[PDB]
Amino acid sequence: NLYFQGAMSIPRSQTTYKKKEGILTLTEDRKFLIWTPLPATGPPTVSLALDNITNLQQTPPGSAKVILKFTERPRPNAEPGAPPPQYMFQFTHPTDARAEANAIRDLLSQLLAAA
């Protein structure tokens, strides 16, 4: 009968989006997935509300690249045959790219179930 919220810290992952290196994390309130290009002192160039995320995919282990792919809910007036918005982040920490991908994946999946 208790209620439990997740308490794992929010990770800051070194990731490439559209060929530029950056940082992938969540906002402190865990309601948006955000990517900011390096140096990460400007605002994020990608904000994905978790309320709008419909799918989370990854490249399998042993792949050339560690990438998570996030699929979103269709835009309001998108055409009925169009593919839904997708956002790929390549993990580029030389030793920890997969571990970093699994951390974020696990935390996003926890947060997505709970909503």
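Residues carry their position along the shown sequence, with the first being 1. For clarity, a rigid core is taken as the largest C-alpha set superposing within 1.5 Å between two forms.
Colleague: Comparing against the shown form in 5 other deposited structures of this protein, which stretch has the larger RMS C-alpha deviation after a rigid core superposition, 100-108 or 8-16?
Modeller: After the core superposition, the stretch with higher RMS deviation in 5 other deposited structures of this protein is 8-16.
Colleague: Other compared entries: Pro61 unbuilt in at least a third?
Modeller: Residue status for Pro61: no gap in any other entry.
Colleague: One third of the other compared structures is the cut-off here: is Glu79 left unmodelled in that many or more?
Modeller: Yes.
Colleague: For the higher mean C-alpha B factor in the entry, choose 76-84 or 33-41.
Modeller: For C-alpha atoms only, the mean B-factor is higher in 76-84.
Colleague: If you rank the chain by CA B-factor, which third does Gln58 end up in: lowest, middle or highest?
Modeller: For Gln58, whose C-alpha B-factor we compare with every modelled residue in the chain, the answer is the middle third.
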